[PDB]
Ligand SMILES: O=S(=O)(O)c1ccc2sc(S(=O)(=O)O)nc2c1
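Single chain ahead, by itself, as structure tokens, in the form solved without the ligand.
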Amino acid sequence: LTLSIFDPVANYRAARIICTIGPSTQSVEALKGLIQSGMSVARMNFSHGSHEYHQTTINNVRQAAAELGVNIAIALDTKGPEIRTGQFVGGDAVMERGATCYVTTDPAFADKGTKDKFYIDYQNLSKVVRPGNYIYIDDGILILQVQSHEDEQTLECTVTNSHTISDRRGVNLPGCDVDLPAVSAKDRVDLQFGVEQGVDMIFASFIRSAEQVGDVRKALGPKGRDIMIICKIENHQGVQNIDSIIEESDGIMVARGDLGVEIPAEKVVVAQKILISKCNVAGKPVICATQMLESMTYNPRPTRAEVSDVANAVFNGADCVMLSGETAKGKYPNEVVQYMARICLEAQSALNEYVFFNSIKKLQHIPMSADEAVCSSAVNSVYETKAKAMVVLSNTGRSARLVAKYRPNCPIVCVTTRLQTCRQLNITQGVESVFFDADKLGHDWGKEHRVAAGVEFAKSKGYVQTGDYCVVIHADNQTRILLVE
């Protein structure tokens, strides 16, 4: 099975890079550097910083993008309802294996935390937890066991294993009945902002059921109905309910570290593998959020261990990689994005599509909807004609997504009148936007001009020469195989 080689990998078919903006990269000029290095999506991290701060980024991103004549997606990454620790006096708190320590629901200790007594923001912890229970902190790396109630606000605990933990970390309480909301009050206000400022997508945190996804859309409301929702799978319950979450969302974001208590470290790879196959079949994008290339926060060149780490992530099927602190607070923002790009390009080698397409087709429920039947059939035509680019006229972009789903061995070029659609398509691998100005240009029930606009593009990008074939779609339902002029 598969006798691969090491040669082509053309410029398209590379994975997509999401950059987290921070002090290192908020400037218009730094953002121009990011865009030029390979940024497709600017990610805002709403667990930190005021609305004024994020307002600035939105402005800067838009200005940088406009200056470079490109469309870059802005993404609101929510804080989420997950229970967190307070902050600590030092840079952190140092936990020791034998030690006993205290945990409080008293707001007084939120800004005062220490290795001996610190704060947890779940104001009802005392009522839910019982002596003998395990409190898992910081991706369940540090484990505490509850000994007794010191008072109606404080719990006596033992440190199960040595580990050093920093400010505001995730607390997990399995074996405790905790019905946390789908959306926190802070999320509710942040989502209003997102809607009002015209963001492209929400990276929803701590989703564990499909029902909770609907809650997020209900918060976004009628005005936010065109905003995509990408779901973070972070604990066991999310993994448990993935099937329902996938086909009820617009994508999935997963992180090797941040997968929760009940998945042991060694079976984390297994889950990554499964979740990627599960998304690839359903045709929705999977964002690899695990932080590789961490050394490049202080170093201009990475390590071959980190290179192989990204390679595997890519080679396995990830469509998007996401950079955190490296772009947000790191020393070499541009150099990081440039290596990602090269690795996302060069580590795509064996990625099959010829029989890979026919496998996804066999796994969809017949009878499929008319527009989906169109798109797959079109991909079919590409392999049959052995050529060579695709032109899709799509307003909401749904048709471009549907085609990508059936992974053709040629570039997909979407032609759109919605500027939002240009941006939102960044997180779809192997698809490129061509904006057609519905106002300034005008007429095209032809639909002459905008098709030619696609072919004009593909030609200039070096995809199609005179004599090549090109497959065209106008679905909601039309298909055409076109000889290049």
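Numbering starts at 1 and follows the sequence shown.
The form solved in complex with the ligand exists for this protein as well; it is not shown, and the discussion that follows is about that form.
Interface segment, criterion being heavy atoms within 4.5 Å of the ligand in the deposited bound form, picked from 451-459, 65-73, 429-437, 41-49: Within 4.5 Å of the partner lies stretch 41-49.
In the deposited bound form, the one of 293, 313, 328, 275 near the ligand [non-hydrogen atom within 4.5 angstroms]: Of the candidates 293, 313, 328, 275, 328 is the one lying within 4.5 Å of the ligand in the deposited bound form.
Only one of 241, 249, 334, 324 comes within 4.5 Å of the ligand in the deposited bound form by heavy atoms, so just point that one out. Contact check passes for 324.
Can residue 23 be called a contact residue for the ligand in the deposited bound form at 4.5 Å between heavy atoms? Residue 23: contacts the ligand in the deposited bound form.
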